[PDB]
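Asks: So that we are looking at the same thing, I have put the structure below in structure tokens.
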Amino acid sequence: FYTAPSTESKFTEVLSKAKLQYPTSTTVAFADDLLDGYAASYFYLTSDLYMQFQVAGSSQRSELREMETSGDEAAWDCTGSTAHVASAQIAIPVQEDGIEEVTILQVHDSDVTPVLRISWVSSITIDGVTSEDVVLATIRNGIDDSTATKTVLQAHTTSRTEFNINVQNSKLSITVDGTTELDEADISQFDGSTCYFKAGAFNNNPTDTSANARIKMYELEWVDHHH
């Protein structure tokens, strides 16, 4: 009894360039399924026209993964000359008790390493400074290095917020409501990797494994711009 996100033309293009993974890495709906009206409790259109992702459980996800219209997986040169841009208008609700971090956008490599996660966190400590209820960028320092550089981007609001990720050459930038919050961070540690965007709800380290993470997107796109 759920309305499909494909009923809104603002999502047609990105759905054509996506497949949906739930609740783990396995694809449940390819682009043709998404365009044919796929909807479920974990992926549906709200009455005020948000694409809502919802998922429970540790490291579980309801997430779109970037695809080419050819049906090829997106696998662009992580540090190449073509710009890759993801833009999203995201409303992050107040999360259910027991939800501690939800990844909402990623740049992921074609193996096991996220270049970038943008996540809501209940609390984070960076260089001795603790922030609560914020939106965070996490950039992994290398494929063989589990450490990451973390940057607070925004105080959490429930208001619809515009997030833009720009990847070009070996640099990655993040703008939030038009303001650059991460300015050309180095990602040369992914030279020789290939990459793709993701968007949705990816539930990280919950303290209640039955609680639902929930993330809403009013607009979403990912594009190339050729140099």
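Labeling convention for the structure tokens: chains A, B, ... as they appear, residues from 1 per chain, ligands from 1 in order of appearance.
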Could you name the residues that touch residue 197 of chain A at 8 Å or less, counting only C-alpha atoms, but leaving out those on the same chain fewer than 2 positions away, as a list in words?
Replies: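 Those residues are residues 65, 66, 86, 105, 106, 107, 108, 195, 199 and 222 of chain A.
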Asks: Please return, as a short mmCIF file (atom, residue, chain, number, x, y, z; two decimals) with N, CA, C and O atoms, in the first residue's frame, all residues of segment 72-209 of chain A that DSSP assigns to strand (DSSP E or B) on the basis of the backbone.
Replies:
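Output saved as result_15.cif:
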```cif
data_model
loop_
_atom_site.label_atom_id
_atom_site.label_comp_id
_atom_site.auth_asym_id
_atom_site.auth_seq_id
_atom_site.Cartn_x
_atom_site.Cartn_y
_atom_site.Cartn_z
N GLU A 73 27.54 -0.93 -13.83
CA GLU A 73 27.72 -0.25 -12.56
C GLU A 73 28.55 1.00 -12.81
O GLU A 73 29.49 1.00 -13.62
N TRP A 76 33.59 5.16 -12.05
CA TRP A 76 34.41 6.22 -12.62
C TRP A 76 35.75 6.35 -11.88
O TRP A 76 35.88 6.00 -10.71
N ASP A 77 36.75 6.84 -12.60
CA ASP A 77 38.06 7.10 -12.00
C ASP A 77 37.91 8.02 -10.79
O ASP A 77 37.52 9.17 -10.93
N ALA A 83 34.50 15.78 -13.76
CA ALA A 83 33.85 16.07 -12.49
C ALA A 83 32.67 15.12 -12.29
O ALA A 83 31.91 14.85 -13.22
N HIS A 84 32.53 14.64 -11.07
CA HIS A 84 31.35 13.88 -10.67
C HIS A 84 30.68 14.63 -9.53
O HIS A 84 31.34 15.02 -8.57
N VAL A 85 29.38 14.86 -9.66
CA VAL A 85 28.65 15.71 -8.74
C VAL A 85 27.40 14.97 -8.29
O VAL A 85 26.65 14.45 -9.13
N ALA A 86 27.18 14.92 -6.99
CA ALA A 86 25.93 14.43 -6.43
C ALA A 86 25.28 15.58 -5.68
O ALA A 86 25.96 16.30 -4.93
N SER A 87 23.98 15.77 -5.90
CA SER A 87 23.24 16.80 -5.19
C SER A 87 21.97 16.22 -4.61
O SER A 87 21.28 15.46 -5.29
N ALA A 88 21.65 16.60 -3.39
CA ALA A 88 20.51 16.03 -2.69
C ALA A 88 19.93 17.06 -1.74
O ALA A 88 20.68 17.80 -1.09
N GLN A 89 18.61 17.12 -1.66
CA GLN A 89 17.92 17.89 -0.64
C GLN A 89 17.40 16.86 0.36
O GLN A 89 16.53 16.05 0.03
N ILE A 90 17.95 16.89 1.58
CA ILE A 90 17.74 15.84 2.57
C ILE A 90 17.13 16.46 3.82
O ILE A 90 17.64 17.46 4.35
N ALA A 91 16.05 15.85 4.31
CA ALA A 91 15.49 16.16 5.62
C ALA A 91 15.82 14.98 6.52
O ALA A 91 15.44 13.83 6.22
N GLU A 101 24.15 6.70 14.45
CA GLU A 101 24.78 7.29 13.27
C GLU A 101 24.10 6.71 12.04
O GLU A 101 23.87 5.50 11.97
N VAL A 102 23.77 7.57 11.07
CA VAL A 102 23.12 7.15 9.84
C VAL A 102 23.85 7.81 8.69
O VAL A 102 23.90 9.04 8.61
N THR A 103 24.46 7.00 7.83
CA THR A 103 25.09 7.50 6.61
C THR A 103 24.03 7.75 5.54
O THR A 103 23.19 6.88 5.25
N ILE A 104 24.06 8.96 4.97
CA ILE A 104 23.03 9.42 4.05
C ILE A 104 23.54 9.60 2.63
O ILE A 104 22.73 9.59 1.69
N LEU A 105 24.84 9.86 2.45
CA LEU A 105 25.47 9.93 1.13
C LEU A 105 26.85 9.32 1.23
O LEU A 105 27.54 9.48 2.25
N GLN A 106 27.28 8.67 0.15
CA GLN A 106 28.63 8.14 0.07
C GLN A 106 29.24 8.38 -1.30
O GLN A 106 28.54 8.47 -2.31
N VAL A 107 30.57 8.44 -1.31
CA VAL A 107 31.39 8.09 -2.46
C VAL A 107 32.09 6.81 -2.05
O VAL A 107 32.82 6.80 -1.05
N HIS A 108 31.83 5.71 -2.77
CA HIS A 108 32.38 4.41 -2.41
C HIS A 108 33.27 3.90 -3.52
O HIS A 108 32.99 4.12 -4.70
N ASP A 109 34.36 3.20 -3.16
CA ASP A 109 35.15 2.60 -4.23
C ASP A 109 34.51 1.27 -4.66
O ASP A 109 33.50 0.83 -4.12
N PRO A 114 34.77 3.02 1.68
CA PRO A 114 34.11 4.30 1.38
C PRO A 114 35.12 5.43 1.36
O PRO A 114 35.83 5.67 2.35
N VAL A 115 35.21 6.11 0.22
CA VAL A 115 35.99 7.34 0.12
C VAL A 115 35.43 8.36 1.09
O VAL A 115 36.15 8.91 1.93
N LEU A 116 34.12 8.58 1.02
CA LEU A 116 33.43 9.57 1.82
C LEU A 116 32.12 8.99 2.33
O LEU A 116 31.36 8.38 1.58
N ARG A 117 31.86 9.22 3.61
CA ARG A 117 30.51 9.09 4.14
C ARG A 117 30.08 10.43 4.69
O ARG A 117 30.85 11.09 5.41
N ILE A 118 28.87 10.84 4.38
CA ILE A 118 28.22 11.96 5.07
C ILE A 118 27.18 11.30 5.96
O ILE A 118 26.34 10.53 5.47
N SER A 119 27.24 11.58 7.26
CA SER A 119 26.41 10.87 8.22
C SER A 119 25.90 11.84 9.28
O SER A 119 26.57 12.82 9.63
N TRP A 120 24.69 11.57 9.77
CA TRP A 120 24.25 12.13 11.03
C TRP A 120 24.85 11.31 12.16
O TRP A 120 24.90 10.08 12.06
N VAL A 121 25.31 11.98 13.22
CA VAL A 121 25.82 11.32 14.42
C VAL A 121 25.22 11.95 15.68
O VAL A 121 25.10 13.17 15.79
N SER A 122 24.89 11.09 16.65
CA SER A 122 24.48 11.58 17.96
C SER A 122 25.61 12.34 18.66
O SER A 122 25.37 13.38 19.27
N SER A 123 26.84 11.83 18.58
CA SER A 123 27.98 12.52 19.18
C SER A 123 29.27 12.06 18.49
O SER A 123 29.41 10.90 18.11
N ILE A 124 30.21 12.99 18.35
CA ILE A 124 31.51 12.70 17.75
C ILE A 124 32.55 13.54 18.48
O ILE A 124 32.26 14.66 18.93
N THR A 125 33.76 13.02 18.61
CA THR A 125 34.87 13.78 19.18
C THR A 125 36.00 13.82 18.16
O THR A 125 36.46 12.78 17.69
N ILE A 126 36.43 15.03 17.81
CA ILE A 126 37.44 15.24 16.78
C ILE A 126 38.49 16.16 17.39
O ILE A 126 38.17 17.27 17.82
N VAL A 129 37.49 17.77 20.53
CA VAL A 129 36.31 18.63 20.52
C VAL A 129 35.09 17.74 20.28
O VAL A 129 34.97 17.12 19.22
N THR A 130 34.20 17.69 21.26
CA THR A 130 33.00 16.88 21.15
C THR A 130 31.84 17.72 20.63
O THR A 130 31.58 18.81 21.15
N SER A 131 31.16 17.22 19.61
CA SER A 131 29.97 17.82 19.05
C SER A 131 28.84 16.80 19.13
O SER A 131 29.07 15.60 18.90
N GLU A 132 27.64 17.26 19.44
CA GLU A 132 26.48 16.40 19.52
C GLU A 132 25.45 16.81 18.49
O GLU A 132 25.27 18.00 18.21
N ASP A 133 24.81 15.80 17.90
CA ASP A 133 23.68 16.00 17.00
C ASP A 133 24.11 16.83 15.79
O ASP A 133 23.60 17.93 15.56
N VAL A 134 25.09 16.30 15.06
CA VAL A 134 25.66 16.99 13.90
C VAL A 134 25.70 16.08 12.68
O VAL A 134 25.54 14.85 12.75
N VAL A 135 25.90 16.73 11.53
CA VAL A 135 26.17 16.07 10.27
C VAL A 135 27.66 16.16 10.01
O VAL A 135 28.26 17.24 10.13
N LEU A 136 28.25 15.03 9.62
CA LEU A 136 29.68 14.78 9.63
C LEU A 136 30.13 14.27 8.26
O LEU A 136 29.42 13.50 7.63
N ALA A 137 31.31 14.71 7.81
CA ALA A 137 32.01 14.05 6.71
C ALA A 137 33.16 13.20 7.23
O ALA A 137 33.96 13.65 8.05
N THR A 138 33.26 11.98 6.70
CA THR A 138 34.30 11.03 7.09
C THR A 138 35.00 10.59 5.82
O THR A 138 34.36 10.01 4.95
N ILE A 139 36.30 10.90 5.70
CA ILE A 139 37.08 10.50 4.53
C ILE A 139 38.17 9.52 4.98
O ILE A 139 39.05 9.88 5.77
N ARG A 140 38.14 8.31 4.44
CA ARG A 140 39.12 7.30 4.82
C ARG A 140 40.50 7.69 4.29
O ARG A 140 40.63 8.17 3.17
N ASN A 141 41.53 7.48 5.13
CA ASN A 141 42.88 7.92 4.80
C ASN A 141 43.57 7.01 3.81
O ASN A 141 44.55 7.43 3.18
N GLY A 142 43.08 5.80 3.63
CA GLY A 142 43.65 4.89 2.65
C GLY A 142 42.91 3.57 2.71
O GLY A 142 42.18 3.28 3.66
N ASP A 145 44.30 1.63 5.61
CA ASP A 145 44.35 2.44 6.83
C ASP A 145 42.91 2.66 7.26
O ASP A 145 42.15 3.38 6.60
N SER A 146 42.52 2.03 8.38
CA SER A 146 41.13 2.17 8.81
C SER A 146 40.84 3.54 9.40
O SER A 146 39.67 3.86 9.64
N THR A 147 41.85 4.37 9.61
CA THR A 147 41.60 5.70 10.15
C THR A 147 40.99 6.62 9.09
O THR A 147 41.04 6.35 7.88
N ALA A 148 40.42 7.71 9.56
CA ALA A 148 39.72 8.64 8.69
C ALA A 148 39.85 10.06 9.24
O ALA A 148 40.04 10.27 10.44
N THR A 149 39.78 11.02 8.32
CA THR A 149 39.69 12.43 8.64
C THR A 149 38.22 12.80 8.72
O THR A 149 37.44 12.50 7.81
N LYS A 150 37.84 13.41 9.83
CA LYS A 150 36.45 13.73 10.10
C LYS A 150 36.27 15.24 10.19
O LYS A 150 37.10 15.93 10.79
N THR A 151 35.17 15.74 9.63
CA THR A 151 34.87 17.17 9.58
C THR A 151 33.39 17.37 9.88
O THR A 151 32.54 16.85 9.16
N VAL A 152 33.08 18.15 10.91
CA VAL A 152 31.69 18.53 11.15
C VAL A 152 31.27 19.49 10.05
O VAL A 152 31.95 20.49 9.79
N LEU A 153 30.15 19.18 9.38
CA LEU A 153 29.59 20.01 8.31
C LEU A 153 28.46 20.93 8.76
O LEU A 153 28.32 22.02 8.21
N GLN A 154 27.61 20.49 9.69
CA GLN A 154 26.35 21.18 9.96
C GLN A 154 25.83 20.74 11.32
O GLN A 154 25.94 19.56 11.66
N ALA A 155 25.25 21.66 12.07
CA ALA A 155 24.39 21.25 13.17
C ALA A 155 23.14 20.59 12.60
O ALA A 155 22.57 21.07 11.61
N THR A 161 17.68 20.25 3.74
CA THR A 161 19.03 20.80 3.58
C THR A 161 19.63 20.32 2.27
O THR A 161 19.56 19.13 1.94
N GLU A 162 20.27 21.23 1.54
CA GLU A 162 20.92 20.85 0.30
C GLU A 162 22.37 20.44 0.53
O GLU A 162 23.15 21.19 1.11
N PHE A 163 22.71 19.23 0.07
CA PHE A 163 24.07 18.70 0.14
C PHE A 163 24.57 18.51 -1.28
O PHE A 163 23.88 17.92 -2.11
N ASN A 164 25.79 18.98 -1.55
CA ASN A 164 26.42 18.84 -2.86
C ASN A 164 27.82 18.29 -2.66
O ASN A 164 28.60 18.85 -1.89
N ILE A 165 28.14 17.19 -3.35
CA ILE A 165 29.48 16.58 -3.33
C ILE A 165 30.06 16.79 -4.72
O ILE A 165 29.47 16.34 -5.71
N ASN A 166 31.22 17.44 -4.80
CA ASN A 166 31.91 17.64 -6.08
C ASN A 166 33.24 16.91 -6.04
O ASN A 166 34.09 17.23 -5.21
N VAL A 167 33.44 15.97 -6.96
CA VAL A 167 34.67 15.18 -7.04
C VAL A 167 35.31 15.43 -8.40
O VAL A 167 34.72 15.13 -9.45
N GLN A 168 36.55 15.91 -8.39
CA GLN A 168 37.26 16.16 -9.63
C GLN A 168 38.75 16.25 -9.35
O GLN A 168 39.15 16.86 -8.36
N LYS A 171 40.51 15.84 -5.75
CA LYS A 171 39.99 16.71 -4.70
C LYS A 171 38.48 16.48 -4.58
O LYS A 171 37.81 16.18 -5.57
N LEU A 172 37.96 16.60 -3.36
CA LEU A 172 36.55 16.41 -3.07
C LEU A 172 36.06 17.59 -2.25
O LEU A 172 36.71 17.96 -1.27
N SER A 173 34.93 18.19 -2.64
CA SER A 173 34.35 19.33 -1.94
C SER A 173 32.91 19.01 -1.57
O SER A 173 32.23 18.25 -2.28
N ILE A 174 32.47 19.56 -0.44
CA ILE A 174 31.11 19.40 0.07
C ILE A 174 30.56 20.78 0.38
O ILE A 174 31.19 21.56 1.11
N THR A 175 29.38 21.09 -0.18
CA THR A 175 28.68 22.31 0.15
C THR A 175 27.36 21.92 0.81
O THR A 175 26.78 20.87 0.49
N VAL A 176 26.96 22.73 1.78
CA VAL A 176 25.77 22.52 2.58
C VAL A 176 25.00 23.83 2.55
O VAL A 176 25.50 24.85 3.05
N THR A 179 27.03 26.68 1.17
CA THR A 179 28.25 27.08 1.85
C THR A 179 29.24 25.92 1.79
O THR A 179 28.88 24.79 2.11
N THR A 180 30.46 26.20 1.35
CA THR A 180 31.47 25.15 1.27
C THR A 180 31.90 24.79 2.69
O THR A 180 32.37 25.65 3.44
N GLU A 181 31.66 23.54 3.09
CA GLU A 181 32.06 23.08 4.41
C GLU A 181 33.25 22.14 4.37
O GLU A 181 33.85 21.89 5.41
N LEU A 182 33.58 21.61 3.21
CA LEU A 182 34.81 20.84 3.02
C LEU A 182 35.36 21.30 1.68
O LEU A 182 34.73 21.08 0.64
N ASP A 183 36.51 21.98 1.70
CA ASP A 183 37.06 22.65 0.52
C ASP A 183 38.23 21.86 -0.07
O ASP A 183 39.36 21.99 0.38
N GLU A 184 37.96 21.09 -1.12
CA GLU A 184 39.02 20.40 -1.88
C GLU A 184 39.92 19.55 -0.98
O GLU A 184 41.15 19.62 -1.03
N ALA A 185 39.28 18.73 -0.15
CA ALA A 185 39.99 17.67 0.55
C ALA A 185 40.67 16.72 -0.42
O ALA A 185 40.12 16.35 -1.46
N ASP A 186 41.88 16.31 -0.06
CA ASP A 186 42.65 15.40 -0.89
C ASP A 186 42.10 13.98 -0.82
O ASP A 186 41.84 13.46 0.27
N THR A 194 38.29 2.94 -8.67
CA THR A 194 37.08 3.46 -9.30
C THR A 194 36.02 3.60 -8.23
O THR A 194 36.09 2.98 -7.16
N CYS A 195 35.03 4.43 -8.53
CA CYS A 195 34.17 5.01 -7.52
C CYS A 195 32.74 5.12 -8.03
O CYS A 195 32.47 5.08 -9.23
N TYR A 196 31.82 5.34 -7.08
CA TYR A 196 30.43 5.59 -7.41
C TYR A 196 29.77 6.26 -6.21
O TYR A 196 30.25 6.19 -5.08
N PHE A 197 28.62 6.88 -6.46
CA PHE A 197 27.86 7.52 -5.40
C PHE A 197 26.84 6.55 -4.81
O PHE A 197 26.40 5.60 -5.48
N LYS A 198 26.47 6.80 -3.56
CA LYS A 198 25.34 6.13 -2.93
C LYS A 198 24.54 7.17 -2.16
O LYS A 198 25.06 8.21 -1.72
N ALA A 199 23.26 6.86 -1.96
CA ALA A 199 22.41 7.72 -1.15
C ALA A 199 21.29 6.92 -0.51
O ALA A 199 20.71 6.04 -1.14
N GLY A 200 20.99 7.23 0.74
CA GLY A 200 19.88 6.60 1.41
C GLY A 200 20.01 6.61 2.92
O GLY A 200 20.33 7.64 3.50
N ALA A 201 19.77 5.47 3.56
CA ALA A 201 19.97 5.32 4.99
C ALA A 201 20.81 4.08 5.24
O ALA A 201 20.38 2.98 4.94
N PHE A 202 21.98 4.27 5.84
CA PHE A 202 22.93 3.19 6.16
C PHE A 202 23.20 3.32 7.66
O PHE A 202 23.77 4.32 8.10
N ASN A 203 22.70 2.37 8.43
CA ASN A 203 22.62 2.43 9.89
C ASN A 203 23.92 1.94 10.50
O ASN A 203 24.24 0.74 10.43
#
```
Asks: One decimal, Å: what's the distance from atom CA of residue 38 of chain A over to atom CA of residue 56 of chain A, could you say?
Replies: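 Going from atom CA of residue 38 of chain A over to atom CA of residue 56 of chain A covers 19.6 Å.
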Asks: Given only C-alpha atoms as the basis, pick out the residue of A:67, A:55, A:94, A:39 nearest to residue 210 of chain A.
Replies: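 Using only C-alpha atoms, residue 210 of chain A sits closest to A:55.
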Asks: Which residue out of A:27, A:209, A:188, A:110 has the minimum interatomic distance to residue 57 of chain A when only C-alpha atoms are used?
Replies: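 Of A:27, A:209, A:188, A:110, the one nearest residue 57 of chain A is A:209, counting only C-alpha atoms.
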Asks: When distances are computed from only C-alpha atoms, which of A:112, A:226, A:169, A:28 shows the smallest separation from residue 187 of chain A?
Replies: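 The closest residue to residue 187 of chain A is A:169.
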Asks: To test your reading of the structure, identify every residue in segment 29-110 of chain A that backbone DSSP assigns to alpha helix (DSSP H), and report it as number ranges by chain.
Replies: A: 31-35
Asks: Could those residues be written to a file, using N, CA, C and O atoms, as a PDB file, in the first residue's frame?
Replies:
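The resulting file, out.pdb, is shown below:
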```pdb
ATOM      1  N   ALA A  31      17.116  -0.566 -11.848  1.00  0.00           N
ATOM      2  CA  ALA A  31      16.508   0.652 -12.375  1.00  0.00           C
ATOM      3  C   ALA A  31      15.155   0.363 -13.003  1.00  0.00           C
ATOM      4  O   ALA A  31      14.190   1.090 -12.749  1.00  0.00           O
ATOM      5  N   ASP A  32      15.056  -0.687 -13.828  1.00  0.00           N
ATOM      6  CA  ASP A  32      13.762  -0.960 -14.466  1.00  0.00           C
ATOM      7  C   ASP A  32      12.687  -1.299 -13.428  1.00  0.00           C
ATOM      8  O   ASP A  32      11.546  -0.842 -13.557  1.00  0.00           O
ATOM      9  N   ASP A  33      13.048  -2.017 -12.354  1.00  0.00           N
ATOM     10  CA  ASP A  33      12.113  -2.261 -11.247  1.00  0.00           C
ATOM     11  C   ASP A  33      11.692  -0.955 -10.558  1.00  0.00           C
ATOM     12  O   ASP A  33      10.509  -0.750 -10.237  1.00  0.00           O
ATOM     13  N   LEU A  34      12.659  -0.084 -10.283  1.00  0.00           N
ATOM     14  CA  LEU A  34      12.393   1.200  -9.628  1.00  0.00           C
ATOM     15  C   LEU A  34      11.463   2.053 -10.472  1.00  0.00           C
ATOM     16  O   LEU A  34      10.501   2.630  -9.958  1.00  0.00           O
ATOM     17  N   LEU A  35      11.703   2.098 -11.784  1.00  0.00           N
ATOM     18  CA  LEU A  35      10.859   2.897 -12.666  1.00  0.00           C
ATOM     19  C   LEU A  35       9.471   2.309 -12.825  1.00  0.00           C
ATOM     20  O   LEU A  35       8.536   3.049 -13.162  1.00  0.00           O
TER      21      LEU A  35
END
```
